[PDB]
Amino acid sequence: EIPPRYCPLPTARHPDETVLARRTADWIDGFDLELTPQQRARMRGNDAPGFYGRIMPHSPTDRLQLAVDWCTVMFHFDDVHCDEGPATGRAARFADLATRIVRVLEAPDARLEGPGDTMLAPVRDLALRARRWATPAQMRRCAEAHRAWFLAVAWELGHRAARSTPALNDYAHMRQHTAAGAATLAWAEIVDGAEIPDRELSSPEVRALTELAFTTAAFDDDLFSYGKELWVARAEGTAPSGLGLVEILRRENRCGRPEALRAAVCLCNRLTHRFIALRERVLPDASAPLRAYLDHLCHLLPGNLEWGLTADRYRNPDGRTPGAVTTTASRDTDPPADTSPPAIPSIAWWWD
């Protein structure tokens, strides 16, 4: 199913996944989400502890709980508040809820609860808990990373409402944001307990590294969730969504499905190799917090792959069919023969 991914990076699991799973489930249960057992099962299928624990396998358990908890509520946000509710006024309802969430991260006692709100109390709890470990610059990074995610989701809902297919150039730099890469990883330096110097985090080389890691992970997410996209489309009697690297290359190259999967993986291999090569040049002068950051990006790439191929989120999607979708993967041990920049301008500067 998925042609050989080049990813010569070790992957490891956090030893306290079970503890994290238990507290996560308990923590999200103490608000007012009114979670059905079906909903609690899908959350288990999301394996938030397995996902973040692979990003940070050596982190202390009580601090990792912060990042894990966030994945918990943002899987629920993703599945209940993204592309759902009435089609009439759908964009307005998203943007309204998105800006509330950002504000609560900036001001936990803003009290922006509307009628029937159940996505702000846990976000507030996360903000309050994040203000006990994090520097001001850190908090600011979480808010603005949430803005980047949500602006990209507004972009995404436009395409879903039109069933359009984004051109490759546009998708190639937007996908890191619809995937919430930066918002997902911004918790890591808070868990680590040391501020990454803004001067480093803003340098062009680190920005390339950052966007390489998040784009790669999101393209992989597109790969290991392709089956689900095919299942959903088969169930709903529609064509697969254009919001996905495979379908975009299909439409762009007027090719068949297998050719598109090979092209998608070829691209992923080139991004991954570029990320590794650029990491080599950056490491020597890297402060310890930046090194740690690159360490988490390095665990993210193979960790995301292993999570996505094994998590029930993408195998038993509705929560009632064990093995409806099965997805295979290989590891290509050879680096890509072509190390030059792809013909995708919106991202070419990563090879600068």
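Each residue number is its position in the shown sequence, starting from 1.
Residue range whose averaged C-alpha B-factor is higher in the record, 122-130 or 237-245: Result: 237-245.
148-156 versus 249-257 - greater average Cα B-factor per the deposited record: It is 249-257 that shows the higher mean C-alpha B-factor.
Peak C-alpha temperature factor (PDB record), options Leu64, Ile28, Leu283, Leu297: Among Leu64, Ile28, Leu283, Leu297, the highest C-alpha B-factor in the entry belongs to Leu283.
Of the residues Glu211, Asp222, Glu113, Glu195, the one carrying the largest Cα B-factor as recorded: Checking the PDB record, the top C-alpha B-factor among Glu211, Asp222, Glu113, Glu195 is at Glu113.
Entry-reported Cα temperature factor of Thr36, expressed as the chain third it lands in: Its C-alpha B-factor belongs to the highest third of this chain's values.
Third of chain Cα B-factors occupied by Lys228: CA B-factor rank for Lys228: highest third.
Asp47 - which third its CA temperature factor falls in, relative to the rest of the chain: Answer is lowest: the recorded C-alpha B-factor places it there.
For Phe94, the third of its chain into which the C-alpha B factor falls: Ranked within chain, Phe94 CA B lands in the middle tercile.
Assigned third (lowest, middle, highest) for the C-alpha B factor of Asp78: Top third by C-alpha B-factor.
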